[PDB]
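Undergrad:
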DNA sequence: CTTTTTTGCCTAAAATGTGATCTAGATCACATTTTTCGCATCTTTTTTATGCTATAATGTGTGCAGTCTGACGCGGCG
Ligand SMILES: Nc1ncnc2c1ncn2[C@@H]1O[C@@H]2COP(=O)(O)O[C@H]2[C@H]1O
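In the deposited numbering, the protein residues as written are 9 to 205.
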């Protein structure tokens, strides 16, 4: 596709785990785009505690909020989770490509709109539902993510307990307490990895 | 005999589990200021019921029918 063309003019960089791509406050001039790898986007306080806004999978764009307003600062940290294959594109050259071909936006707008779908749902559940429904509707959809293994009447996920406190942004010990109370609910069959029946 | 692949160890190391102990949150039945609403005033404002005008003026038709007609009633009509 366009991928290999653009790869000829190689901006594609390969980053290992945890090399910091984005600090916030940086200058916004370069779009990236993903070939391969997984990455977490996150934010923290002046006094240190950090928050994972989300994570992102292959095929998606980075940093898109900057192109519109010339000279913005980068909004959040985006810290490599694993080995990443990463495009890099200038806002100038990106606008050029916009004047060349906008059908790319046909695909792009869709994932953006469902980002709204999920972010509204984020703030909504933050308001309406306690930790119960919080991690309930976490694992219910964790049962649906590819890398999910089948459990005959159920589903298996082995993401054991560290990524979870990040994908929801919570303590793991409290996740413990209530995993065991959901085990008490006959909801979850879990021993590290969990069997969403 | 050499390679690589595996496991277990070294060696460094994150994630799990103690529950005891508060602490900001949210409830919760009942008094007060605001909306601007509804009917009585004004209060105009328009509109409406009523009232005069002193040279002089004296019997319609008014626009039509085109007239159906056969039988029977009924008042005449002798
Ligand atoms: N709620 C979100 N969902 C998905 N991606 C996000 C979200 N918030 C921020 N990002 C991405 O993280 C990037 C951080 O810097 P930018 O604002 O330049 O562009 C941002 C988006 O690409």
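Backbone N, C-alpha and C fix where the C-beta goes; we use that ideal spot for every residue, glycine too.
(1) Could you give the C-beta distance for residue 89 and residue 46, rounded to a whole number, given that I count them as a contact under 8 angstroms?
(2) For residue 94, which of helix, strand or coil comes out of DSSP?
(3) Name, in chain order, the residues that DSSP records as bridge partners for residue 197.
(4) Run through DSSP, which three-state label would residue 87 get?
(5) Helix, strand or coil for residue 145? Go by DSSP, reduced to three states.
(6) Let me check you understand the geometry: is the CB of residue 87 closer than 8 angstroms to at least one non-hydrogen atom of ligand 1?
(7) Quick check: the region 103-122 against the region 29-36, are at least 3 beta-carbon pairs closer than 8 angstroms?
(8) What whole-angstrom Cβ distance do residue 38 and residue 98 have, given they're in contact under 8 angstroms?
(9) From this set, 173, 178 and 163, which residue's C-alpha is nearest residue 204's C-alpha?
(10) Considering only heavy atoms of ligand 1, does any lie closer than 8 angstroms to the CB of residue 49?
(11) So, residue 96 versus residue 35, is the Cβ gap smaller than 9 angstroms?
(12) How many angstroms separate the CA atom of residue 109 from the CA atom of residue 52?
(13) Take every Cβ of the region 163-182, pair it with every Cβ of the region 137-150, and state whether three or more of those distances are shorter than 8 angstroms.
(14) Would you say the beta carbon of residue 127 comes nearer than 8 angstroms to a heavy atom of ligand 1?
(15) Can residue 70 be considered in contact with ligand 1, in the sense that its beta carbon sits closer than 8 angstroms to one or more heavy atoms?
(16) Could you give the DSSP three-state label for residue 101: helix, strand or coil?
TA: With the structure as the only source:
(1) Within the first chain, numbered from 1, the residue matching residue 89 stands at position 81. Within the first chain, numbered from 1, the residue matching residue 46 stands at position 38. The Cβ separation is near 5 angstroms, so the contact holds.
(2) Taking the first residue of the first chain as position 1, residue 94 is located at position 86. Strand, per DSSP.
(3) Reading the first chain from its first residue, position 189 is the one you call residue 197. The partner list for residue 197 (beta bridge, DSSP) reads 203.
(4) Residue numbering aside, residue 87 sits at position 79 when the first chain is read from its first letter. Correct three-state label for residue 87: strand.
(5) For the purposes of this step, residue 145 is taken as the residue at position 137 of the first chain. The answer is helix: DSSP assigns residue 145 an H, G or I state.
(6) As a first step, residue 87 is located in the first chain; it is residue number 79 there, counting from the start. Result no, Cβ not under 8 angstroms from ligand 1.
(7) no
(8) Along the first chain, one-based indexing puts residue 38 at 30. Along the first chain, one-based indexing puts residue 98 at 90. That belief holds up - the Cβ atoms of residue 38 and residue 98 are roughly 6 angstroms apart, short of 8 angstroms.
(9) Position 196 of the first chain holds residue 204. The shortest C-alpha separation from residue 204 is found at 163.
(10) The residue labelled residue 49 in the question sits at position 41 within the first chain. True, at least one ligand heavy atom lies under 8 angstroms from that Cβ.
(11) Here residue 96 corresponds to residue number 88 of the first chain, with the count starting at 1. Here residue 35 corresponds to residue number 27 of the first chain, with the count starting at 1. No; because the gap between Cβ atoms is not below 9 angstroms, this pair is not in contact.
(12) As a working note, residue 109 is residue 101 in the first chain. As a working note, residue 52 is residue 44 in the first chain. In a straight line, the C-alpha of residue 109 is about 37 angstroms away from that of residue 52.
(13) yes
(14) Here residue 127 refers to the residue found at position 119 when the first chain is read from its first residue. Yes.
(15) Within the first chain, residue 70 is the residue found at index 62, counting from 1. It does: the Cβ of residue 70 is within 8 angstroms (strictly closer) of some heavy atom of ligand 1.
(16) For the purposes of this step, residue 101 is taken as the residue at position 93 of the first chain. If DSSP states are grouped into helix, strand and coil, residue 101 belongs with the helices.
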